[PDB]
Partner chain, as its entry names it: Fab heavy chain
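The chain below stands alone and is given in structure tokens; this is the form deposited without its partner chain.
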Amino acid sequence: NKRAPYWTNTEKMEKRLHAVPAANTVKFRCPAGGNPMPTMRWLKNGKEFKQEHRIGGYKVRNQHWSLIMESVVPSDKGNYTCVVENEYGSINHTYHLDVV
């Protein structure tokens, strides 16, 4: 019973536009399921998002399908996309961040 990825709690993904004041913490989530367990990765404005891309780097919490960025700064604005994959499929969702 192998299966493509799918989102398990779309309610937490409803709100796509987030305006947050510098230097708060932002936490984005893409709760998913599938079999085998899909891997998760994040892109910032369509390109692979790596630790070395912002001073504070970020924490990815695998069991929670979440991306966490502490003390956001203006250069943190942009589109954040989670890409969830296994051999039976690849799915994505994009959040937009505005640092006030």
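Positions refer to the first chain, counted from 1. Rigid core: the largest C-alpha set superposing within 1.5 Å between the two forms.
Although not depicted, the form solved in complex with its partner chain is the subject of the following passage.
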{"item": "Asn9 within 4.5 Å of its partner chain in the bound PDB entry, heavy atoms", "value": "yes"}
{"item": "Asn79 within 4.5 Å of its partner chain in the bound PDB entry, heavy atoms", "value": "no"}
{"item": "4.5 Å heavy atom contact, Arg29 to its partner chain in the bound PDB entry", "value": "yes"}
{"item": "Large Cα shift (2 Å or above) at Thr10 between the shown form and the other one, core-fitted", "value": "yes"}
